[PDB]
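The data block below is model-v5.csv; it holds CSV, N, CA and C atoms.
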```csv
chain,number,residue,atom,x,y,z
A,1,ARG,N,0.8,-1.2,0.0
A,1,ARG,CA,0.0,0.0,0.0
A,1,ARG,C,0.9,1.3,0.0
A,2,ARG,N,2.2,1.0,-0.3
A,2,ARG,CA,3.1,2.1,-0.3
A,2,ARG,C,4.2,1.9,-1.3
A,3,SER,N,3.9,1.0,-2.3
A,3,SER,CA,4.8,0.7,-3.4
A,3,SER,C,5.8,-0.4,-2.8
A,4,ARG,N,5.5,-0.9,-1.6
A,4,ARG,CA,6.4,-1.8,-1.0
A,4,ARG,C,6.1,-3.2,-1.6
A,5,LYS,N,5.0,-3.3,-2.3
A,5,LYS,CA,4.5,-4.6,-2.9
A,5,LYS,C,5.1,-4.7,-4.3
A,6,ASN,N,5.4,-3.5,-4.9
A,6,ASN,CA,6.0,-3.5,-6.2
A,6,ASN,C,7.4,-3.0,-6.1
A,7,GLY,N,8.4,-3.9,-5.9
A,7,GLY,CA,9.8,-3.6,-5.8
A,7,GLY,C,10.6,-4.8,-5.5
A,8,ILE,N,10.1,-5.7,-4.7
A,8,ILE,CA,10.8,-6.9,-4.4
A,8,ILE,C,10.0,-8.1,-4.9
A,9,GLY,N,8.7,-8.0,-4.9
A,9,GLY,CA,7.8,-9.0,-5.4
A,9,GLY,C,8.0,-9.2,-6.9
A,10,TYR,N,8.3,-8.1,-7.6
A,10,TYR,CA,8.5,-8.1,-9.0
A,10,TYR,C,9.8,-8.9,-9.4
A,11,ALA,N,10.8,-8.7,-8.6
A,11,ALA,CA,12.0,-9.4,-8.8
A,11,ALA,C,11.8,-10.9,-8.9
A,12,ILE,N,11.3,-11.4,-7.8
A,12,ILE,CA,11.0,-12.8,-7.7
A,12,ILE,C,9.9,-13.2,-8.7
A,13,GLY,N,9.0,-12.3,-8.9
A,13,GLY,CA,7.9,-12.5,-9.9
A,13,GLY,C,8.5,-12.5,-11.3
A,14,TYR,N,9.5,-11.8,-11.5
A,14,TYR,CA,10.2,-11.7,-12.8
A,14,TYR,C,10.9,-13.0,-13.2
A,15,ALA,N,11.7,-13.5,-12.2
A,15,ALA,CA,12.4,-14.7,-12.4
A,15,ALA,C,11.5,-15.9,-12.5
A,16,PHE,N,10.6,-16.0,-11.4
A,16,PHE,CA,9.7,-17.0,-11.3
A,16,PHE,C,8.6,-16.9,-12.4
A,17,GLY,N,8.0,-15.8,-12.5
A,17,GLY,CA,6.9,-15.5,-13.5
A,17,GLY,C,7.5,-15.8,-14.9
A,18,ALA,N,8.8,-15.6,-15.0
A,18,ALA,CA,9.4,-15.8,-16.3
A,18,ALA,C,9.4,-17.3,-16.7
A,19,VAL,N,9.8,-18.1,-15.8
A,19,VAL,CA,9.8,-19.6,-16.0
A,19,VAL,C,8.3,-20.1,-16.1
A,20,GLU,N,7.5,-19.5,-15.3
A,20,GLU,CA,6.0,-19.8,-15.3
A,20,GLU,C,5.4,-19.4,-16.6
A,21,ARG,N,5.9,-18.3,-17.1
A,21,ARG,CA,5.3,-17.7,-18.3
A,21,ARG,C,5.3,-18.8,-19.4
A,22,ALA,N,6.4,-19.6,-19.5
A,22,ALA,CA,6.6,-20.6,-20.5
A,22,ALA,C,5.5,-21.7,-20.2
A,23,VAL,N,5.2,-21.9,-19.0
A,23,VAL,CA,4.2,-22.9,-18.6
A,23,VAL,C,2.8,-22.4,-19.1
A,24,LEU,N,2.6,-21.1,-19.0
A,24,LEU,CA,1.4,-20.5,-19.4
A,24,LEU,C,1.4,-20.2,-20.9
A,25,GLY,N,2.5,-20.7,-21.6
A,25,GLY,CA,2.7,-20.4,-23.0
A,25,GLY,C,1.4,-20.8,-23.8
A,26,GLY,N,1.1,-22.0,-23.9
A,26,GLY,CA,0.0,-22.5,-24.7
A,26,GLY,C,-1.2,-22.8,-23.7
A,27,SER,N,-1.2,-24.0,-23.2
A,27,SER,CA,-2.2,-24.5,-22.3
A,27,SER,C,-1.8,-25.7,-21.5
A,28,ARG,N,-2.7,-26.5,-21.1
A,28,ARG,CA,-2.4,-27.8,-20.4
A,28,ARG,C,-1.8,-27.4,-19.1
A,29,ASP,N,-2.5,-26.7,-18.2
A,29,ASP,CA,-2.0,-26.3,-16.9
A,29,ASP,C,-2.7,-27.2,-15.9
A,30,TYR,N,-3.9,-27.8,-16.2
A,30,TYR,CA,-4.6,-28.6,-15.3
A,30,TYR,C,-5.3,-29.7,-16.1
A,31,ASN,N,-6.5,-30.1,-15.6
A,31,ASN,CA,-7.2,-31.2,-16.2
A,31,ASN,C,-6.6,-32.5,-15.8
A,32,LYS,N,-6.3,-32.6,-14.5
A,32,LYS,CA,-5.8,-33.9,-13.9
A,32,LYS,C,-4.4,-34.1,-14.5
```
Let me see the structure of the file written as structure tokens.
Amino acid sequence: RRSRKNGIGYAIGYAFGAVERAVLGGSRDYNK
């Protein structure tokens, strides 16, 4: 609520979200 959520979370979100991005590339994320 003071920009404290957007500064460190983005870093991890960038590295992680980056690898995850590939996962969300096409589809097949669930369905057993």
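Going from atom C of residue 9 of chain A to atom N of residue 21 of chain A covers 13.8 Å.
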For this session: Would you list, as a PyMOL selection string, the residues of chain A that end up in alpha helix (DSSP H) under DSSP run on this structure's backbone?
Result: chain A and resi 9-23
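Taking atom N of residue 22 of chain A and atom CA of residue 10 of chain A as the two end points, the separation is 15.7 Å.
Note that atom C of residue 5 of chain A and atom C of residue 28 of chain A are 28.0 Å apart.
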